[PDB]
Amino acid sequence: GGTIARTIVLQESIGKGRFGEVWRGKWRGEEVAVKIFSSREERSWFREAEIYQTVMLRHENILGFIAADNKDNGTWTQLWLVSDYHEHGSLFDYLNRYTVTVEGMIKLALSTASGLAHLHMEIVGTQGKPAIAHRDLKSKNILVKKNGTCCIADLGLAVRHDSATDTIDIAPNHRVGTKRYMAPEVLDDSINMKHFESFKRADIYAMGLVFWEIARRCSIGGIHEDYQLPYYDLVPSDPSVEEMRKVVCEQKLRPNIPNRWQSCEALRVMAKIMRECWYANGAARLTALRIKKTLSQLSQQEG
Ligand SMILES: COc1cc(Nc2cc(Oc3cc(C)c(C)nc3-c3ccccn3)ccn2)cc(OC)c1OC
């Protein structure tokens, strides 16, 4: 019989994502994470399975994928994905619970950037890894490991690019992700989806917002900000595309950068990265690799 789902015991409900539902389970004397889909959610199950099985995808800052499988209880079939389990949960949860040191901030930011750089980067060869854009990067889709570093998850909306033929593997729809984190060009539909760089640039804008969430929680001399989502001060809790568009495209506002961040070199560098992720024109934004290089340079200097 099968070696995966058949041999796993579910222990704890984690919650519902975009599709399916997450659980903590036990496999071969080890805790694992399981995402369970119904039969009518096969398209979303297969697609996430497909992205995670991409050659050369594994990276310390991407969720470690174990397997896709199904399980029959005798009445209905469940479609399963199985991965590493991370006890701390999402970066959103982590930042609500805790403040971080300067070192902690740099580890969380650098690990996020490194994960995104890996997704984004095409690797040549027989084991040819295409460039991959996430399309729904947010603090709730980044997990925090026990070592205080991040890994990116929720790859079901991702798109993959073949540079030789300049083709994307699926036909992309507009505005598929979380409205709050959508780039200006996504919000106003001006994004050119026949230009794969556009998807990478939209991811970068979203990472900038995530960086802002982290920096708020960096505590120096006991001084820090409360946890907030980006645009907490300007839109409703579950904002529409029009509400986001009015703030981000028309009024041209971005999350507020405190002046107390000027007083610290680490926060000064992070603040600069955010601004350079937040330009309305995606072509002006930093790349994930450049951000990784900068934070790696900063990480060396700090400790
Ligand atoms: C204890 O509270 C939380 C724990 C975790 N841990 C966790 C969750 C995971 O979920 C996934 C599992 C699988 C197999 C796949 C394909 N994806 C995910 C996933 C994770 C995040 C976003 C989207 N998909 C994987 C590893 N560790 C997570 C929590 O929230 C996300 C917790 O708080 C509810």
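We number each residue from 1, going along the chain as drawn.
Heads up, the Cβ atoms here are built off N, Cα and C, so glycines get one too.
Lifted from Swiss-Prot, the feature list:
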DOMAIN    8-298  domain 'Protein kinase'
BINDING   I14, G15, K16, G17, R18, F19, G20, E21, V22, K35  ATP binding site
CROSSLNK  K71  ubiquitin cross-link
ACT_SITE  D136  active site, proton acceptor
CROSSLNK  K194  SUMO cross-link
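In three-state terms derived from DSSP, the residue listed as 'SUMO cross-link' belongs to neither a helical nor a strand segment and is classed as coil. A Cβ distance below 6 Å to any atom of ligand 1 is met by none of the recorded positions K16, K71, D136, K194.
Taking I14, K16, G20, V22 as the binding-site residues under consideration, the smallest Cα distance to the residue listed as 'SUMO cross-link' is found for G20. Between the CA atoms of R18 (ATP binding site) and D136 (active site, proton acceptor) there is a gap of 11 Å, rounded to the nearest whole number. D136 (active site, proton acceptor) and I14 (ATP binding site) have their C-alpha atoms 20 Å apart, to the nearest angstrom. Counting other CB atoms no more than 10 Å from each candidate's CB, the recorded positions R18, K71, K194 peak at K71. On a Cα basis, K71 (ubiquitin cross-link) lies 19 Å away from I14 (ATP binding site). The Cβ centroid of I14, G15, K16, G17, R18, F19, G20, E21, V22, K35 marks the ATP site; residues of that chain outside this set whose Cβ lies within 8 Å of it are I36, given in sequence order. Neighbour counts were taken at the CB atom with a 10 A radius for the binding-site residues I14, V22; the maximum falls on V22. Within the same chain, residues at least six positions away from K16 (ATP binding site) with a Cβ under 8 Å of its Cβ are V22.
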